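As written, the chains take the letters A, B, C and D, and residue 1 is the first residue of each chain.
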Amino acid sequence: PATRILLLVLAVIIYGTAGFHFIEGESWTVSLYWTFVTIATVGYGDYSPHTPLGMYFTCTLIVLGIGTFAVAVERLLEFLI
Amino acid sequence: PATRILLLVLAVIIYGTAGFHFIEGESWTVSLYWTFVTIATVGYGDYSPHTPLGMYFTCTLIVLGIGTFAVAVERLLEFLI
Amino acid sequence: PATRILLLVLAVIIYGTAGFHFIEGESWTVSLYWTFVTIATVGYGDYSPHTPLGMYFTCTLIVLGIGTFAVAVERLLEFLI
Amino acid sequence: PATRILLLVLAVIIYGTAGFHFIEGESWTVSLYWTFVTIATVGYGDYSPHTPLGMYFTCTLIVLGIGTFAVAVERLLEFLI
């Protein structure tokens, strides 16, 4: 069900944002922006992890986030069109 | 229908381009180039939002753009091959 | 047929590489590397178009390249596994 | 079978990491981080190949990695949801 996928993406977003903020020390706004940019796999590289923990964290975010986000946008696609 | 998807991508492009131009202050050419680069999820990071509004705007563009663009290229694929 | 898709990707690669070389003035090696990095939508941003023509060219490359490349890797996936 | 795909992604990861380390001279941590960031097609451009060999290597990594990684995350998606 699409709504459940949405909930998974929301959980991923919180995880991404909190982690970047507390591991890398960026603001909450930058961290959320980075989370979206990373999980949509856009990844501008204006922000990126600079510590070894941040890098490991980024890899797990990638593993949890990218699949979940892809299915969310295409389920949203189906629903609105 | 493929043509309707195309229209959605065109609307997304206009939205992306106008927004980056007026929120971030880049030229129209740069803004359109950034829109394509962002919604195809290529995202070089030569251009990126630098304000909190631009960042929020970028996230919504990502949500509206990436799904629409993916389906457009693959429907175009089917049509030409 | 997978082989025909491969031929399309090869044509896209030549187009991408020649264009970046002659429009942006990078070496042939850099241009090919940029073409792959762009059409796989990896896009590091170590190389990017700096002229208005290069930017327009990049958008058309994106439109022609990304769909073709995606289907090529997944058809290659099927064939080898 | 999903587990076999996982094994392919693990092999790709080792290949990516060892190659970047020995070709480009980055640490093992940076090389692994770059491998994930590249094969998920996130590609921040904080790290990128700077030699002609590294660039050729990156293209082959892209060809081997991106398809394998995409199918792995979506098979993982199915398994956990």
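As a working rule, a contact is a pair of C-beta atoms (placed from the backbone, for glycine too) under 8 Å apart; a residue touches a chain by one contact, two chains touch by 3 or more.
Peer 1: Assuming a repeat means more than half of the contact pairs shared by residue number, which candidate in A-C, B-D or A-D repeats A-B?
Peer 2: It is A-D that reproduces the contact pattern of A-B.
Peer 1: Counting C-beta pairs in contact, does A-C beat C-D or the other way around?
Peer 2: Pair with more contacting C-beta pairs, A-C versus C-D: C-D.
Peer 1: What whole-Å value do you get for the distance between chain C and chain D if each is reduced to the mean of its CA atoms?
Peer 2: That gives a centre separation of 19 Å.
Peer 1: As a quick test, compute the distance in whole Å between the mean CA positions of chain A and chain C.
Peer 2: Centres of chain A and chain C (C-alpha means) sit 27 Å apart.
Peer 1: Going through chain C residue by residue, note those that touch at least 2 other chains and give them in order.
Peer 2: 41, 43-45
Peer 1: Residue numbers of chain D touching chain B in their complex, please.
Peer 2: Contacts found on chain D: 41, 44-45.
Peer 1: What does chain D use to touch chain C in their complex?
Peer 2: Residue positions touching the partner: 4-5, 8, 38, 41, 43-45, 48-49, 52, 55-56, 58-59, 62-63, 66-68, 70-71.
Peer 1: Considering only the defined contacts, which chain A positions touch chain B in the complex?
Peer 2: Contacts found on chain A: 29-30, 32-33, 36-37, 40-46, 73-74, 76-77, 81.
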